[PDB]
Structure formats: C-alpha cells, structure tokens
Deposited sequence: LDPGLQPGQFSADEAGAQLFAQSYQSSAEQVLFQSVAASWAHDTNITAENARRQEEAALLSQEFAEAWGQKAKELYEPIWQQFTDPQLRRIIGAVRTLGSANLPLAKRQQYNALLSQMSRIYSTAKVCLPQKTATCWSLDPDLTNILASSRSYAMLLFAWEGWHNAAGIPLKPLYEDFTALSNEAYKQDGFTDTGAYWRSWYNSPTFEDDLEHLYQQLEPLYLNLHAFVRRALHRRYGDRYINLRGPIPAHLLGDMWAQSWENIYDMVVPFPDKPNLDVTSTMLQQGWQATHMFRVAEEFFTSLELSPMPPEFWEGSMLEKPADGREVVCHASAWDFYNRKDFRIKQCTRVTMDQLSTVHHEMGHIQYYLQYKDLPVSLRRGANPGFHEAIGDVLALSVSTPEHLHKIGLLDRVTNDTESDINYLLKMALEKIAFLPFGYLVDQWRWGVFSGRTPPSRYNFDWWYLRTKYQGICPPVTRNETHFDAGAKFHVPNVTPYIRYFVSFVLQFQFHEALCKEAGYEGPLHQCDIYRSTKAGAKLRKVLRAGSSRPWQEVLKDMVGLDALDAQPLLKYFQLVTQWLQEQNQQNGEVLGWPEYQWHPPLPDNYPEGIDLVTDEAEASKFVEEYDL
C-alpha cells in the first residue's frame, strides 16, 4: 500500500477517531475510485486483461481495508460503540468490518478471481442452435417477452439455465466457503448474517414473514387468474389449473415480472392500450429519449439533472462493435463526487423506461449525498436505494402521465380502465413479491450451511414452487444450478433489498402524493412537477446512511416501520376484483398438485 494511503497515528478516543475518519476519507476516495474505474473498464469491455486489472484493483482495496481496519480495531475496538457522535460510530463500525480483507493474501486472490470468473461466465454465456448463438440481452429476453410458442420459450429457458448455471456451480461453492471464512473473522456466524445486519433490526426475518403473510393472498389470486389466461392459450396439456405454472410462460426468464403477458390477461381490451411499448416503437423512441424523459421528471421535482460527466461516461446502449459487456442495468458511483454513470443495454420498451427510472433513482441518491463521508454514501438501508426510481416510475406509469408525455392518445376515467391499469401494475409489482422474498431465503440457507452444494437446486426449486407456484418445464437435477442463472447470484448482489423496496415504494408514494396535495385515488397520483414532493424526497436522499433508517422513514412517512398497508390501499380495487373473478370462475387458489410438471413437446428440440 502506497505510503500516502496508509494510516498514521491517532489517540485511542473519540477526538482521535474523528481525525481518523477524516484521514480515512481523504484516501478512501482514491482507493474506491480506482476500484470502481477498473470494474467499469471490465464491465463495459469484458477481457482477460480488464479482469486482471480489476483483481489488481480489488487487492489494493483489500490492502487499504486491512490497514485501516486493523488500525480502527487496534485503537477503537472496545470503545467505538460508546462514541457520542452517531455518524462517527457508523463510519467506524463500517471501517472495522474487514470482510474479504480478513482472508490471507492467497485466499484474497482466490476470492477476487472467483468473483471475476463468475461475472464473466454469467455475462458471456450463450445459447447456440448453426454457428449462430443468442445472448441473454437482447436475444433470449425478447424470446421470453414475445414468443408464444411453448417449444421456443422452452428452448430459450432451458438453454439459458443450462448455459449460465452448470459452469457456475463449482465456483459458487468455493466463493461461499471463502466469503463465510472472511465474515466469520468479523464476528458473524455467516455471510448472510452480515448482509441481514444492514437492516439493524433484531426481528428482521419475522418482520419480513409478517409482511409476506399480508401480501400472499394478492399473489395467489393474481397467479390463479393468470394461470387461467395461460390455460386458454396453451391448453390442458401444458397448463394444470390445479398445479404450478411452467416457469417459462410468464414473459420473463425468471418469471419475476409478468408485464409481458399483459395482452393475454387484460380484463377489458376495448379500453386504451396501457402498454405503450408499441407506441414508443411507432414514435421512434431511442435510449437517449428515455434517459432525457426520466431526467426531466427529476428536474420537475427540483431534483438534480444528470451532470455532463454522466452523459459523457455512461453506456446507454449495448455496444455495436459487438464487444462483450455486462448487460444487466446498473448505476455507478465513482466516489470522486464528479463521475456517476449508468450502464444499461437499453431496449425500447415500457418496462425498460421503468428500468431507466430505477437506475436514475440510484444516480440521484449519489448526487444528493456526494458531500457526506464516504462510509455514509449509501441508502438509509439498501431497500431505500432500490425504491427511489421505482417511486417516480409509479407516477410515470399512470394513464394520465403517459398522456402528458404523448404516449397515450386517449384518456379515460372509469372502473374498467382502473382495473386494466391495476392489473398491469400487479403483473409488475405483485408477481415480483414471492421472487423478491425467496432469493435470499435460498442464499441465507446456503451461507448458513442449511443448503449444502448437494441441495442447491432441490432447495432453489422448493422455494420457487413454495412461493411463486412455478415448476421447471424440463426435469432438473443437482448438476443444474438454476439459482446461478439469475444475475445477482454469481454477481454477489443481495436480493432482500428488492422485497423491501417493493413494500417501501408504496409507503413513499403515499407520502409524496400527500405532500403534493393530491386528493384522489392513490393509484392515480402523479407527483410530476410537485416541488413540495421533491423537497420531501430530497431530505431522504441527502441523509444517505448517516441516520437510522427507521428514523428517516418516520420523518418521511410518519411511521418507523415497513408497512404493507400503502401497497394494499393502492391495489385494493383489483384485489377485490380478482378475488371475485376467481370465485365466479371456480378457481383453486394455490397449486395443490405440487408434483406436477408439464410434458415435453413432441418434436423437442428439433426444428
């Protein structure tokens, strides 16, 4: 480690700690910068040489983290918890958690190489037919979204899961052991316990379970209604009205979001078409229009525009030179208070427009907290960070707002039109809930050792069936590693944040709508141009992780806890409607034929 980046000496007290944090701050930015830059260079241009550079950068970060971590632990270990400055406690607490920096050098290099190889496998995996091969984004994504051929969807689903999952498995095992070894030296029973500690809630798991209990009936009814719509198209052979839905038929590789099957499920097709994808295509929208439209929502609230550095640096389309990139949309803070970027292989669709807002919400958080200490540049919790862009996207999605931006010619205000809208939103928001909940249940079980490698797939499918009521459309065994075919698993990005975000965003929505002085139905609120709503949201953003999330939430929404009531309020009309419809159709709620799998198509997989 560079002499300039090394910690000096400070007194064994709070006044020393302060100078410690400020000295940390000065060097941490450069170290964070070089790490993020190397990661950027790799993720926008996947090469062996860029991987080597990124690992080298990661080693430097671990060296830095070890030095300042051991210094923090040398001077402040039995005393930091009693510090009077709560922000300083949070800075110190972060600095003294070494993570992977606890590993000896050889194991550090192993760990860094595993992360690099897992990332490369996921993002360069292909499905091949001919010499021609399909990438996940955009090829397989488009098939899952718009093909209605059972056999073709199966080819894409199986192809992807086989291609990404199978080679990831041995690496993922090794990563798990090393991660646990690292965090066990920070005092956590396993990595999952460390991840859960970010919510600073001794009752976190029970609180999530209580939330899910309230949400589950909404999902069960949506599921039964959707299954019926699928049965009408795919027939009795491929859809079991009392069994799980085959996992490839829901519009999405992970069946995580069901908005792409909206045309099959739309209750009243004679009302205005609420999926504006075809209109965006008709009008010739490109990625840059999408990002500018997103930005203009943020400025309408008197939040920050995207700086020149964002526009100059970002990767907003998949590169045309055909170079390998990480296509999964992400938002980047370079920690120099200047560079902030999105990397998205943007496609011209309504869901992608929502995704643009999601990523821009991350950027806005970065812009607002850029002048806090580096350790405090994160959300009040990770679910807050995930919720910002989605909150705005809720307003953007409204038929009224779409009309304002020229994406919906007709405007209607009737019960049918409300049901269509709320159903479309349920496909996006309700359908996701089980998946957002289950991923880290799976991962926590793996970190804790409850799920050994011998049960990775058995336990993944247990949870997928239990929560989502889906089944794999082909037979799977333990050679398959279907959890690894989801981005966040090989890229080691925690998932419970998305479940938290999906509850939280409705709490935020309700509060900002109230602040905007909006008086109507919650699901028709558009906060666009509300400078009052903007100021309320800005208070959250500028706080970063400087204050307990429970207190930041209290200030914003009047409650110090996650609460399903705003989501329930928002969906109330369609919750009642689906329940009525299912009863009148004589549906079974759930999937009591839990063992059921669909047969293979006759000529699978030739032609």
Would you flag the ranges of the deposited sequence that the structure leaves without C-alpha positions? 130-132, 611-629
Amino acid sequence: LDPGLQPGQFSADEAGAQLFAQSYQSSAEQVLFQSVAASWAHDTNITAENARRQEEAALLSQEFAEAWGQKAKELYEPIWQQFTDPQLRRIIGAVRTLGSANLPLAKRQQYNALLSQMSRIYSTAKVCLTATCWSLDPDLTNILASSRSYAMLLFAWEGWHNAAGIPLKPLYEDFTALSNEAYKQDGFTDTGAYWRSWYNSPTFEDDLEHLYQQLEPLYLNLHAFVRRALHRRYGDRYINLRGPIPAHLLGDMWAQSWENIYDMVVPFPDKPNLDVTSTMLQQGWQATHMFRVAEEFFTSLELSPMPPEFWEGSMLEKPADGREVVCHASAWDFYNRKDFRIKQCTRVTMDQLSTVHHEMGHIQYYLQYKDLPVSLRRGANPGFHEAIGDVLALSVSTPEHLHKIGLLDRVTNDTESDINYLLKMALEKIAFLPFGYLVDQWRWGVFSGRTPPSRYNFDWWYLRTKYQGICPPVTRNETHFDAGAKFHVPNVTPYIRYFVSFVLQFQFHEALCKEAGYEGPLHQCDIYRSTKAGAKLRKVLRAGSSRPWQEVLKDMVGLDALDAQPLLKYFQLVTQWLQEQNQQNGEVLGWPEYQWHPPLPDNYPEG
From here on, numbers count along this sequence of modelled residues.
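Superpose the two forms; the largest set of C-alphas matching within 1.5 Å is the rigid core.
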Which of 353-361 and 82-90 lies farther from this form in 6 other deposited structures of this protein, as RMS of C-alpha positions after a rigid core fit: 82-90
Between 163-171 and 72-80, report the one with more C-alpha displacement in 6 other deposited structures of this protein relative to this form after a rigid core superposition. 72-80
Output yes if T130 is unmodelled in at least a third of the other compared entries of this protein, no if it is modelled in all of them. yes
Taking only the CA atoms, which stretch has the higher mean B-factor in the record, 251-259 or 89-97? 89-97
Output the stretch having the higher mean C-alpha B factor in the entry; the candidates are 157-165 and 235-243. 235-243
Using the entry's values, work out which of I121, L353, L423, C128 has the largest Cα B factor. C128
Residue, from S27, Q565, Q550, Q572, that the PDB entry assigns the highest Cα B-factor: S27
Going by what the PDB entry lists, where does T346 fall on CA B-factor within its chain: lowest, middle or highest third? middle
Binned into thirds over the chain's modelled residues, the C-alpha B-factor of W134 lands in the highest
Chain thirds by Cα B factor, record data; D275 belongs to the highest
Compared with the other modelled residues in the chain, in which third is the CA B-factor of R450? middle
Entry-reported C-alpha B-factor of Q82 relative to its chain, by third, is highest
